[PDB]
Amino acid sequence: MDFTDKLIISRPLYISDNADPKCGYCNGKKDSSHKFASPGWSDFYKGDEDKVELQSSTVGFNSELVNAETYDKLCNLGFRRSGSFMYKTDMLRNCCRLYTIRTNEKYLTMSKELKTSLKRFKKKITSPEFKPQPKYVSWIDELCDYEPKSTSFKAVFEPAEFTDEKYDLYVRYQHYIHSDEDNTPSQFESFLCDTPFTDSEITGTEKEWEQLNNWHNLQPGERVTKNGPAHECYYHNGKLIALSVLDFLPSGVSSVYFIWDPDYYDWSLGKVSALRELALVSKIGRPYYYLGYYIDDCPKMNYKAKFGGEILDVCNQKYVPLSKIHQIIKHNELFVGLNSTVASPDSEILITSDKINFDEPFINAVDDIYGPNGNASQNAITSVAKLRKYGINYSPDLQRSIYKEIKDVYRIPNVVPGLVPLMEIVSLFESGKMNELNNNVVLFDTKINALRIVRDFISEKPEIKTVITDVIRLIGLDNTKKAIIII
Ligand SMILES: [Zn+2]
């Protein structure tokens, strides 16, 4: 068994509680105009907005082992890792609308602000002896010329490993952004070190890191072999002044976190590091730079739009340029795309089985599907009843409203945007496609205390079949065929 090709995960969890105080983006505080997922839900509560208590809710699973290609797939399904825990919000029920965003130098429109940050950076690290090139095609070539020649500033990629020096910088940065507690060594280790990736992706080789540390001099068409997690340490005269935590993916680079020395506030290291990482993505010849989640009404997350790009529509599993939809998500709405030329949807969009083209006209179909008189809930309730014959232990969500009006952690709601709809899970069973799990999916069976390959899925116990089906809802059938699920 080739553990380098496996996604080893624990059973999924759905965790929900009051957004005041669980949500650190909004603290549970919204105007009525930003409170609900769609106009139809706003209308449902018109004049009664005060009776809803906003919840913050996530779904996900802990990973023991994941490779970079698989984490790339997870990012492009809307997940992010928090240490080893792969999670996403419930976009229908969450207080805040979180969208996965990605960009690149093509989408980037260098603003006066951003140009100033690089101009000041060049000055801080460059000697007057520095002799500029006669011309530069682009800011990237300029950066790649002067930065490696600096004698006072050096950046170094290395394995994503704990050191006391990195931890002390983290506590100083966190105190400064007002996390004066909840910063133990163990919390820093879990969050930014001790990753779930393969040994080769963590440690690499001396030559692989050397190659990555000369990325400034890569020529068009060359690549780097690095995949997996990394730390980029910034040194000013040998002192650690910033730390970027980055995941290298086949499709690009994901920013996990960035910390810097509060004494260096005048260096605008948040903007400079983002630009350096956009240059890096371009130089290593990969297509995307992933800044995590975008929230339109949160300043601490909507700054990511300064770097341009596109937003994931998790219901269609396709990205739409942010410029095309910003106007209709600026009141915290859920967007579900539907091309203007296609019939009104009597159902959640099919994810396992045509595909939306955002370059043709489209509307937001959110209320047709997920609104108070949308079809999703009734389709899901019927599907729960159909899944009983297969030994799937789901329960119908019979409440009129998706919102809490004035807890089993293994129970996922019937309807969650971007999870495989229950109606489609039914189709997988009826067509025989669930039997494709046989000889593929593996369990770490905690009662036996051993790995075993599933050989007859439909004969497994209901508790096991229900867990496997929820993993399929989260990551899809094909990805579950390479999973090891701990049960
Ligand atoms: Zn919130």
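Residues numbered from 1 in each chain as written, not as in the entry; some residues may be left out. Heavy atoms only, no water.

Judging from the entry metadata, X-ray crystallography is the method by which this structure was determined, and 1.76 Å is the reported resolution.

Looking now at the domain arrangement of the chain. Assigned domains of the chain: these are domain 1 (3-68 + 81-97 + 338-486) and domain 2 (112-286). Computed from C-alpha coordinates alone, the two centres of domain 1 and domain 2 are separated by 35 Å. Each side of the interface is counted separately: domain 1 has nine residues, and domain 2 has 16 residues. Summed over the three residues of domain 1 that lose the most area to domain 2, namely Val66, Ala68 and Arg81, the buried surface amounts to 60% of that side. Taken together, the links from domain 1 to domain 2 amount to one salt bridge. Inspection of the region where domain 1 meets domain 2 yields three residue pairs in polar contact. Looking at the side of domain 1 that touches domain 2 element by element, the count peaks at three residues for strand β4 (residues 55-65). When grouped by side-chain class, the residues that make up the side of domain 1 that touches domain 2 number three nonpolar, four polar and two charged. (Domains from an automatic or database assignment. Contact = heavy atoms within 4.5 Å. Buried area = accessible area lost by both parts, 1.4 Å probe. Salt bridge = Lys/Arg side-chain N within 4 Å of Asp/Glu carboxyl O. Polar contact = N/O pair within 3.5 Å; in protein donor to acceptor, adjacent residues only side chain to side chain. Helix = DSSP H or I, 4+ residues; strand = E, 2+ residues; numbered from the N terminus. Nonpolar A, V, L, I, M, F, W, Y, C, P; charged D, E, K, R; others polar.)

For the zinc ion, every protein donor is listed as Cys23 (SG), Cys26 (SG), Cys95 (SG) and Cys96 (SG), and the spread of their distances is 2.3 to 2.4 Å. Its four donor atoms give the zinc ion angles of 98 to 124° at the centre, a pattern that matches the tetrahedral case. Of the residues examined, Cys96 reaches a relative accessible area of 1% and is grouped as buried. (Donors = N, O, S within 2.8 Å, 3.2 Å for Na, K, Ca; no water. Tetrahedral: all angles 85-135°; square planar, octahedral: opposite > 155°, others 65-115°. Buried < 20%, exposed > 50% of the residue type's maximum accessible area, 1.4 Å probe, protein only.)

Let us now look at the packing of helix α6 (residues 164-176) against helix α7 (residues 185-192). Viewed as axis vectors pointing N to C, α6 and α7 meet at an angle of 100°, and their least axial separation amounts to 10 Å. Here α7 runs roughly perpendicular to α6, going by the angle between their axes. For the pair α6 and α7, the contacting residues are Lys166, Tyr167 and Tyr170 in the first and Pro185, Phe188, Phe191 and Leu192 in the second. Tallied by class, the residues present in the contact of α6 with α7 amount to six nonpolar, no polar and one charged. (Axes fitted to C-alpha atoms, helices over the stretch in contact; angles between N-to-C directions. Parallel < 35°, antiparallel > 145°, perpendicular 65-115°, else oblique.)

The subject of this paragraph is unusual backbone geometry. In this structure, the amide linkage connecting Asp20 to the following residue, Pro21, adopts the cis form with an omega of 10°. Here the phi dihedral of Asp194 falls at roughly 40°; this positive angle occurs in a residue that is not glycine. Considering the arrangement of structural elements, one finds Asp194 in the loop between α7 and α8 (199-203).

With the rule as written, the count across this model stands at 29 aromatic pairs. Seen in terms of ring centroids, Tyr71 and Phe197 are 5.8 Å apart; in terms of plane orientation they differ by 85°. Their pairing is edge-to-face. Of this pair, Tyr71 sits in helix α3 (residues 68-75) while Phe197 sits in the loop between α7 and α8, and the two are 126 residues apart along the sequence. By relative accessible area, which is 3% here, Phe197 ends up buried. Taken together, the ring pairs in this structure connect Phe121, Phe153, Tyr234, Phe258, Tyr264 and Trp267 into an aromatic cluster. Directly above the aromatic system of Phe79 lies the positively charged group of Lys88, at a separation of 4.2 Å from the ring centroid. (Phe/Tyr/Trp six-rings, centres within 6.5 Å; stacked < 30°, edge-to-face > 60°. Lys NZ or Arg CZ within 6 Å of the ring centre and 35° of its normal.)

Time to look at the packing of helix α14 (residues 376-387) against helix α15 (residues 422-430). Direction vectors running N to C along α14 and α15 enclose 35°, while the axes themselves pass 8 Å from each other. Helix-helix and strand crossings are classified by hand; for α14 and α15 the assignment is left-handed. Only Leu422, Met423, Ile425, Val426, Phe429 and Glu430 of α15 make contact with α14, whose side of the interface consists of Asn379, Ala380, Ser383, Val384, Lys386 and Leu387. (Left-handed = near helix turned anticlockwise from the far one by under 90°.)

Moving on to the side chain of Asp470. Here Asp470 is to be found in helix α16 (residues 462-475). Buried within the structure, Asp470 lacks any salt-bridge partner; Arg473 is the closest side chain of opposite charge, at an N-O distance of 5.0 Å. Sequence-distant contacts of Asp470, that is, excluding residues within four places in its chain, are made with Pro12, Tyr394, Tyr410 and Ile412. (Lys, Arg positive; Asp, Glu negative; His and termini not counted.)

Here we take up the sheet that holds strand β9 (residues 228-236). Pairing is mixed across the open sheet formed by eight strands, whose spatial order is β8-β9-β10-β11-β12-β7-β13-β14. Either end of the sheet is taken by a strand with one partner, and the two such strands are β8 (153-158) and β14 (318-321). On average, adjacent strands in this sheet sit at an angle of 30° to one another, irrespective of strand direction. α7 rests against β9, β10 (239-249) and β11 (252-260) of the sheet, and its axis sits at about 160° to β11. (Pairing = 2+ DSSP bridges.)

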